[PDB]
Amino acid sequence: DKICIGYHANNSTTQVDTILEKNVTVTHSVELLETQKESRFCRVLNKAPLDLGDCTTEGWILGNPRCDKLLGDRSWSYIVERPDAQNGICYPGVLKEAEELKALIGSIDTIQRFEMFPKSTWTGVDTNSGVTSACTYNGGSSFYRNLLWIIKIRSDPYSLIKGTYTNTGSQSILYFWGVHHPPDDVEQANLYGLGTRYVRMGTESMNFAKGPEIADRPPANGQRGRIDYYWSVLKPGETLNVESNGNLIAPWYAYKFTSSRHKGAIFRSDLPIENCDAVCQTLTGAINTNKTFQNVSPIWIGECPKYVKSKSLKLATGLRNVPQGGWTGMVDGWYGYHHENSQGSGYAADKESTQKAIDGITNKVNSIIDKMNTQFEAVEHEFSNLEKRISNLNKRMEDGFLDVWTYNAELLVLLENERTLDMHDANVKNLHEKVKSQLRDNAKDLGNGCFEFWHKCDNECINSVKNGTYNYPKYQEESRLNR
């Protein structure tokens, strides 16, 4: 007659790693890391991204006339700019603080386009001839739809021109202007006139006054001229005054805007936009998961799991799987017993110790999930060629946190896996010892997990062991004789 102590086994081939041992097969486990994504852009909080098509952010927002599909009021959860977009700043020059403009635009939610200064505002000049072969529309010469290239009437001198606009709404207004710099005095004279020329812009809180910086430069997009483009934000209540006697590229249309309550982004990607929804939308695709880590992309909007470099984060929940060892036959629970007597034989799990282990492991998993429920958020702000130091500072920082979090996740998994599997060993040992202490020398150890009884142990003697009430003196005499 005998009783054994053992633990669950099954057909699982899933492995985990621990601090002491690699490739350890276990009976149950949980993958904390999400590796899958749909390669496309979906709506976030039911709001669609804005696809810039063949236009850059600058082409869109300045109104490059190849970008008419985008013209007007828009709203978006994020922006998708195609890497090979060809329609941007078509008449050559520089946009001042371009990178800060993009950061502004990535924080915006909705825009309403409106005519800020109609052509009629500018008297004694030609407002209908400011076009260039650099900015074509259907083969023809054209120009930015948000800017007005004013020139002199051929017969007449360029009049002093003035315009004013007041922001009487509760929304800020994003607007644009520029200063044109011809390549030589002949062209200056033709378009504006000789002498001192100025472009002046004034607000309660910004002042601007500049002139042509004439110089012959190599042609870009077929032009030897250049424009310095500027942008600004006219705050609620503020008023703008414009004066010029030449070289003004005037604001024409502008944008009343709202700032998002949510983090937005400009993604530079060729991925398709489709009719779908995502809780989590990364730069390289949408993720639908309830896992807490993710190795898809560090750049996203919505609610995403923490990004890490790991390929897997497999957390052991069950036991070492060692069949012949463990008992494939148990099935009821994690730890338990196998008995053999005259009434028969069989397996039966110990409910108490099994549940305690379930409760602890469950709590461990949830605690890890809970404590890992924050994300470091990388951002795709841009930096100019004269901003290498801050660009490098941003990169080292983002890689810095990535390395810390990847380390924290991987190390924790290795260490707690070892603990979890040790806890199981200890739980099994505990049951075996409780049986040991009870039977004393009315049974033989066998160094096996099992005990050979020195007496007959019926189905009530055996259940007397499972509830921990055995009674040694009852079989003491019977046992001592067999020797």
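Start at 1 and count along the sequence shown; that's the residue number.
- The stretch of deposited sequence separating residue 324 from residue 325 contains 10 or more residues lacking coordinates in this entry.
- Of the two segments, 440 to 448 and 27 to 35, the one listed with the higher mean B-factor is 440 to 448 (C-alpha atoms only).
- In this entry, 407 to 415 has the higher mean Cα B-factor, the comparison being between 96 to 104 and 407 to 415.
- Of the candidates 173, 250, 397, 330, the deposited coordinates give 330 the top C-alpha B factor.
- The top Cα temperature factor in the record, among 58, 458, 54, 68, falls on 458.
- In the deposited entry, the Cα temperature factor of residue 382 places it in the lowest third of its chain's modelled residues.
- Residue 50: CA B factor in the lowest third of modelled residues in this chain (values from the PDB entry).
- In this PDB entry, the Cα temperature factor of residue 339 sits in the top third of its chain's modelled residues, the highest group.
- When the modelled residues of the chain are ordered by C-alpha B-factor, residue 318 sits in the highest third.
- Among all modelled residues in this chain, the alpha-carbon of residue 347 has a temperature factor (C-alpha) in the highest third.
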